[PDB]
Ligand SMILES: *[C@@H]1O[C@H](CO)[C@@H](O[C@@H]2O[C@H](CO)[C@@H](O)[C@H](O)[C@H]2NC(C)=O)[C@H](O)[C@H]1NC(C)=O
Ligand SMILES: *[C@@H]1O[C@H](CO)[C@@H](O[C@@H]2O[C@H](CO)[C@@H](O)[C@H](O)[C@H]2NC(C)=O)[C@H](O)[C@H]1NC(C)=O
Ligand SMILES: *[C@@H]1O[C@H](CO)[C@@H](O[C@@H]2O[C@H](CO)[C@@H](O)[C@H](O)[C@H]2NC(C)=O)[C@H](O)[C@H]1NC(C)=O
Ligand SMILES: *[C@@H]1O[C@H](CO)[C@@H](O)[C@H](O)[C@H]1NC(C)=O
Ligand SMILES: *[C@@H]1O[C@H](CO)[C@@H](O)[C@H](O)[C@H]1NC(C)=O
Ligand SMILES: *[C@@H]1O[C@H](CO)[C@@H](O)[C@H](O)[C@H]1NC(C)=O
Ligand SMILES: *[C@@H]1O[C@H](CO)[C@@H](O)[C@H](O)[C@H]1NC(C)=O
Ligand SMILES: *[C@@H]1O[C@H](CO)[C@@H](O)[C@H](O)[C@H]1NC(C)=O
Ligand SMILES: *[C@@H]1O[C@H](CO)[C@@H](O)[C@H](O)[C@H]1NC(C)=O
Ligand SMILES: *[C@@H]1O[C@H](CO)[C@@H](O)[C@H](O)[C@H]1NC(C)=O
Ligand SMILES: *[C@@H]1O[C@H](CO)[C@@H](O)[C@H](O)[C@H]1NC(C)=O
Ligand SMILES: *[C@@H]1O[C@H](CO)[C@@H](O)[C@H](O)[C@H]1NC(C)=O
């Protein structure tokens, strides 16, 4: 049986969306020329499909963020008073002094990630939601969680002190509420220390988002570099061929260049769709994780951080989202002799809620996740059956507190 | 798009294959046929790849629908915001052309009132905690009630359990506990 | 003279023996906003990346938007322009461009001895 506990804080990194890219078929393939455009026209439509695919990808990229973050009906604002039962929500809540409405951890996150081609017909669209709105959304979620609990998600937000909210979470995971109220200072100090450790470790990781950015950067660079290959033509510059050869000869040279560039563009588009599918799956997982761990408690194991889950707070990262799970893990232990049932007068006495333990001389009944021995009484136990059916049963007595009263 | 792609020269002299067959000697028409072969093969490959990519997403959506059908319909789920917004009660399925439509019945509260609370009440120097509710006071008296509906009830020794003494509790107030056994004793 | 993309961008004059630069002319995509063809025939062209100094006028981070007025207020998004701007038709009617509104803001009276 554990006799203590430690509060742990973890982090998880989940990419949400990527860059919205636009590519022009005609300017890339041919450019300023008109003979090349006329030749390309004979290929039916190998531009409309590419434009449609890229526009669909961009719309999906916007939808991922809209689904992940826009989960709150009203933008709550934290009250000025900071009497959160001893807890320190100052490295997470926004600081208006900074030019942006971000917080310390968010600022460390954006400073950690570091993010010509436009002349070739490759352009990058801007995100639909600028980072200020995302910061406002996350601040609203934090304020709702802190000042209301999980009630704000279900309906209208309901105020409640933070101490009783933490007591509700404790009672949810299987530890009676008196444990929190008796050990409030220790838990507050442990949580503050965990937040401090997270902040210190982050300053001095973010591999997922960096790799997501690097993949697109390398893909665009490869697409740009593919424009220099001859593909079997005499020269890789269309103007050079046009000014140096007759149209009847220049046509057959331009055909090979057109085929090569069209093939490269097809490859790039296919890779982009394959990557966007995976990003969509990750964004859906992130939305589910937010809606489950943040807006309420979770009974799923290992879903929201290792250990038993208490509460979580979201943070915003460039092209991603960060969760700070707060968990409850057991601590220093002790051996204990145990027994299934207690035999009193030919009647078994199963424990109503808890276990039967004994250090070697006296028997006690106590909860599973914390150690607080109590005397066996009629309120802790219920009788059922005889003393022969149970495989292992230990003789002892039961207090029955009614007898002293009648004296 | 796949059908309309059949009406392009692709570099040959004509689009329909019959004209190529009739107008030219096959030893010269072989290259003209080869151009159309290449173009149409490329178009078919593009269409097939797009279809596979779309089928993956439809499969994922169908798996999600199956999970929601198995969890919301065949039982009650405690996953927040999964089986509809609000607390979840029960769901019914309906059919649709190439899809499924759910009807989530949800329980949502309204018309809230505010109150004053205390973490615990101590009567004779020992702190009492609520077993399953929360202590609320309307201004003169203290009652214990469940945390999702307002049904005040007089605080007794059956709504509370003692734990230690009322000095460690950061917030504590004074009150009395009914102790129903004593009046019946007399 | 070349660059990372390896395209001729700097040249030396064969006559005067001086250094020049090469830069392709400005270009970008064109996007049109329409409130539908059942209420009006009005539109509002949006140039993707061209600065408004080049070829009503409302310079945005997303690009130049002409044909639509700009207002102080903030309503729910109707047309996803980009960079936190959304246009709409309802203002005797004209297109307007504004900033997104996240939603109504409320503050809950949180005190250490108060419940709801
Ligand atoms: C449970 O563990 C905590 C540590 O988190 C113990 O609290 C520390 O106790 C030592 C010894 O008295 C003090 O020096 C520390 O200041 C305490 N706090 C911390 C944060 O270390 C606590 O004593 C343990 N429980 C029991 C019953 O001993
Ligand atoms: C097992 O725990 C019980 C707790 O009740 C211990 O009982 C105590 O024993 C000492 C020594 O005889 C008495 O002075 C105390 O009054 C007893 N009660 C309490 C609450 O301390 C018992 O000693 C423990 N077993 C062993 C082997 O130490
Ligand atoms: C809080 O609720 C109690 C419920 O008992 C109210 O007390 C009752 O008030 C009415 C009207 O004055 C009396 O007729 C009853 O006899 C009272 N019950 C008692 C004293 O047990 C109390 O007034 C309420 N507080 C308010 C409304 O401020
Ligand atoms: C919270 O911690 C910061 C430093 O981490 C400190 O400056 C601030 O005073 C603390 N707040 C409270 C209420 O103790
Ligand atoms: C419990 O008993 C086992 C068996 O001897 C021992 O290995 C273990 O260390 C004991 N627990 C503690 C906390 O000492
Ligand atoms: C319990 O007591 C009964 C009667 O006193 C006896 O028959 C039985 O063997 C006892 N069991 C143990 C484990 O002492
Ligand atoms: C909270 O309750 C007090 C009385 O207990 C009342 O004066 C105040 O107006 C209430 N605040 C609300 C309902 O926002
Ligand atoms: C609640 O805060 C007030 C300050 O507004 C303080 O006087 C009071 O002691 C606090 N009570 C508890 C139980 O925290
Ligand atoms: C009422 O509560 C106060 C708070 O400490 C305490 O000092 C006082 O003794 C309590 N009343 C009685 C009758 O004990
Ligand atoms: C145009 O759209 C509006 C929007 O509902 C509709 O009321 C109207 O009937 C439509 N007109 C035609 C000719 O379809
Ligand atoms: C457009 O050109 C003007 C004039 O130089 C400049 O002040 C402005 O910043 C430019 N627009 C952008 C978005 O940089
Ligand atoms: C916003 O308000 C300011 C202050 O009067 C005004 O100067 C500006 O023109 C307004 N923006 C509009 C009307 O788009």
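Residue numbers in this text run from 1 along the chain shown.
Backbone N, Cα and C define each Cβ position, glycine as well.
Taken verbatim from Swiss-Prot:
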type: DISULFID; residues: B:72-B:83; note: disulfide bond
type: CARBOHYD; residues: B:114; note: N-linked glycosylation site
type: DISULFID; residues: B:122-B:166; note: disulfide bond
type: CARBOHYD; residues: B:138; note: N-linked glycosylation site
type: CARBOHYD; residues: B:174; note: N-linked glycosylation site
Quick one: of the recorded positions B:72, B:114, B:122, B:138, B:166, B:174, which have a CB under 8 A from chain C's CB atoms? B:114
Other than its own, how many Cβ atoms are within 10 Å of the Cβ belonging to residue B:114 (N-linked glycosylation site)? 13
When the Cα of residue B:114 (N-linked glycosylation site) is compared with the Cα of each of the recorded positions B:72, B:83, B:122, B:166, B:174, which one is closest? B:174
Neighbouring recorded positions, C-alpha within 10 angstroms of residue B:166 (disulfide bond) - of B:72, B:83, B:138: none
One finds that other Cβ atoms within 10 Å of the Cβ of residue B:83 (disulfide bond) number exactly 24
Of the recorded positions B:72, B:83, B:138, B:174, which sits closest to residue B:122 (disulfide bond) by Cα distance? B:174
Reduce the DSSP letter at residue B:122 (disulfide bond) to three states and note it down. strand
Filter the candidate list B:72, B:83, B:114, B:122, B:138, B:166 of recorded positions, keeping only entries whose CB is under 6 Å from an atom of ligand 8. none
List, in residue order, those recorded positions out of B:72, B:83, B:114, B:122, B:138, B:166 with a Cβ under 6 Å from any atom belonging to ligand 10. none
Sub-8 Å Cβ contact with chain A: please pick out which of the recorded positions B:72, B:83, B:114, B:122, B:138, B:166 have it. B:114
Counting Cβ atoms within 10 Å across all protein chains shown, which of the disulfide-bonded residues B:72, B:122, B:166 comes out on top? B:72
